[PDB]
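Written out below as structure tokens is the structure these notes cover.
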Number of protein chains: 6
Amino acid sequence: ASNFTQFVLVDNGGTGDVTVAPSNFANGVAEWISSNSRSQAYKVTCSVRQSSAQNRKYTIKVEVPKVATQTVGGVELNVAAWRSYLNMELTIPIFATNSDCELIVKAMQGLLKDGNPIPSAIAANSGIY
Amino acid sequence: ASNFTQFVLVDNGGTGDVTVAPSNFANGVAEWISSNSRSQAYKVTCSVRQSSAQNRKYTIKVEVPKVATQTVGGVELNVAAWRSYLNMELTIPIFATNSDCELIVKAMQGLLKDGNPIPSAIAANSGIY
Amino acid sequence: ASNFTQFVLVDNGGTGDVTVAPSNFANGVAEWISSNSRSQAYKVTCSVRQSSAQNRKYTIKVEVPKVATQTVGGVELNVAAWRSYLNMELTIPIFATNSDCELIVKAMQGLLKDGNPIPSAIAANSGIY
Amino acid sequence: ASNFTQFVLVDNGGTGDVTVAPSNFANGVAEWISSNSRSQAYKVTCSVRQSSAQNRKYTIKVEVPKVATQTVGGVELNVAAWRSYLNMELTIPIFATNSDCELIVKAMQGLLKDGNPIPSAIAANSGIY
Amino acid sequence: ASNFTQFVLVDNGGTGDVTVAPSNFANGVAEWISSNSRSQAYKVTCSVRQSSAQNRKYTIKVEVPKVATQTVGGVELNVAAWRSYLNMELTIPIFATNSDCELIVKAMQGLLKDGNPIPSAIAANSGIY
Amino acid sequence: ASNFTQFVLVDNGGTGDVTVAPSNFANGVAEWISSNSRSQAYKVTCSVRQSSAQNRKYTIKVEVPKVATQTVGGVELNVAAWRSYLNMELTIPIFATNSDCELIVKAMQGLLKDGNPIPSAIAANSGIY
């Protein structure tokens, strides 16, 4: 069994989906990268570690690139004009049962569901109002 | 119009849903709290700010409590045995158009979709393997 | 194939079986945990390393907990009264054929079969005599 | 009881079984050895001591000869190339009742049951994957 | 994908082929091994890491047993006299697209194609002349 | 005979084949280059040396360029945007028979055959998983 597999990061219908695939798992940091030029690739990393005697802590990171071509002196390269960086830390006490964790996951999914405040603000270059 | 409204944080079917409602918007920090004892309430906060000349940065935070009763000297109070803390920062360059942002949101939703690596690990008190 | 699978650690004959499942592979240490909070879980880990120029060494560990509900600060926490620890190190020369290795497995199985000296002593809080 | 008796270490189904028998009890350390030269014998030793104020520790050791291409009764100067060494240390808290200890034994039996991850890895000269 | 599968390392035309199979994935380093003692096995390992700000590096290693006069399952203390070691490091700039990488693979295939200089030299215990 | 011959490094099926030819043997390093300016050429080198008293070591290197036309100082120069580098070191004991060496060649060919794990990963900007 393995959960270190490829998955769909961006569900753009069924065509133009960004799939991210495993690439390296060094030093306890799982890393996934989308295909093609590493320079324009999406990146996701995840690591879990015991932060204190009572808590475990997950550190997830995602990079969404803005695909572009750079032309310097007539030489064109595939690059990322810029990147957005998502950095999240999740602390969970060791007393949390599997049920408790499922709830935590649902809270995260709910937080970002379409239509809700946070995702609507982000999607529209806006804050709360 | 307002996006500073109540929303469903945990979609537990249609019964036992955790709804979170606005409570305070001081100093540019929007805050939502679930009903009943503040001590056992779920909490979500969000603020956006220009981090540099080129980037805007969102800071979202969620607290999932473990509901419990504390009995000290015969006096019982509603408290949270412990809390899980989600802390996420999202940096987005000012060149990002609305389309670019929608993609960013989809990446976040994809990252946490049921079945995918990260949420499956968290839900099962596990790391990547 | 993939030998990283779930298995039943304690066979109580279908009813109340302690089954353990893959939970982490960070740093080259395969880990399996029972379906409990991290504070009350059975835990098994295994790792292999080339200890010398001519040996390989498997380090296997198991934690059998005694679950309890402790009242800390007036709050009830799911905890472990104590844990029993098994620690085994197996050193196998590189010249060992697959059939040579099956011999080791059979020897370990025979060592612990019901009725044999060692498991009888352990199960009776007794020594060998 | 009087559990210090001969037993079948390797069960090859009646024909070609390896039986190991009492051979030493110096210092309360029970030793069992197969019927071979000491450089080619199967050896098992066991002893218990209270390791600390709250724990008892069983130290079990097993030595298994490399059989492929073995020359029975021959002299092989590099003995380490022809033997595998198993070292088991079982720590059991003094509160453990007999039932608790039976469960611990079952856990050990489950860990090594045929078909499960650990023994399959060992038998195939492999790690976990 | 899920390219971590068994494959034919040495193709002797169906009869007497050497198949190598997954045997370890510790630290994201994939390992494949043939069905032999570790002193006589064919071994292949592979891993990728971003070696610098602008490059990614694939490190591939292959070990091949000396077969002439080999004593199957035997103990040979000077292991180095019985194995050949191949070390490949492939550095690919992050700008390389999938097509660029296909070409790189073709170059490697061409380099080693039967009848070409390099492989003929190796196969004849020779240098270039 | 003379194994220092031209060969096709990249077989694009007759049309657009990258053929490489002998270009230097100074200092005991056999070199082959494609028919291009030294700034845009594919390059292959090989050398053999008795690395130790009992080993021989082949050092083979390949450079796959990405050709481009850069405008420097208003003038257009035929140049290389980047280069991919392959570096392989093969250590073969002196006891290796010719048939033993053919085994190594076949193993290297099998390693890179179309469809097998390693070349699939490389060609997809992916790791093994």
Of all the residues that make up segment B:1-48, how many are of a type in the set (D, E) and out of contact with any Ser or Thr (no Cβ under 9 Å at 6 or more places or on another chain)?
2
Determine which single condition A:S34 fails, assuming it passes every other condition in (1) touching a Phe, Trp or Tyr at 6+ places or on another chain (Cβ under 6 Å); (2) more than 30 Å from E:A30 (Cβ to Cβ).
(2)
Collect the residues in segment C:49-77 that are more than 30 Å from E:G74 (Cβ to Cβ), assigned to a loop (DSSP other than H, G, I, E, B) and in contact with a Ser or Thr (Cβ under 8 Å, 6 or more places away or on another chain), keeping them in residue-number order.
C:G74
Filter segment F:78-129 down to residues that are assigned to a strand (DSSP E or B) and within 14 Å of chain A (Cβ to nearest Cβ) and give me whichever is surrounded by the fewest Cβ atoms within 10 Å (Cβ to Cβ).
F:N78
Across segment F:4-22, what is the number of residues that are surrounded by fewer than 18 Cβ atoms within 10 Å (Cβ to Cβ) and on the phi < 0 side of the Ramachandran plot?
11
Would you say D:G74 is within 14 Å of chain E (Cβ to nearest Cβ), closer than 28 Å to C:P93 by Cα, surrounded by fewer than 16 Cβ atoms within 10 Å (Cβ to Cβ) and not aliphatic (A, V, I, L, M)?
yes
For A:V48, indicate whether it is under 26 Å from E:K57 (Cβ atoms), of a type in the set (V, I, T) and either surrounded by fewer than 18 Cβ atoms within 10 Å (Cβ to Cβ) or in contact with a strand residue (DSSP E or B) (Cβ under 8 Å, 6 or more places away or on another chain) (or both).
no
Of (1) more than 24 Å from F:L111 (Cα to Cα); (2) surrounded by fewer than 16 Cβ atoms within 10 Å (Cβ to Cβ), F:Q40 satisfies all except one. Which?
(2)
Wholly inside segment D:1-48, strands (runs of 3 or more DSSP E) that include 1 or more residues that are free of Cβ contacts under 8 Å to residues at least 40 places away in the same chain, within 11 Å of another protein chain (Cβ to nearest Cβ) and touching a helix residue (DSSP H, G or I) at 6+ places or on another chain (Cβ under 7 Å) are D:7-10
Looking at E:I60, is it at the interface with another protein chain (Cβ under 7 Å from one of its Cβ atoms) and closer than 22 Å to E:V18 by Cβ?
yes
Of (1) aliphatic (A, V, I, L, M); (2) in contact with a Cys (Cβ under 6 Å, 6 or more places away or on another chain); (3) surrounded by fewer than 18 Cβ atoms within 10 Å (Cβ to Cβ), C:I60 fails just (3)
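As a convention, Cβ positions derive from the backbone with ideal geometry for all residues, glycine included, and neighbour counts pool all protein chains shown. No lab work stands behind these numbers, since they all come straight from the coordinates.
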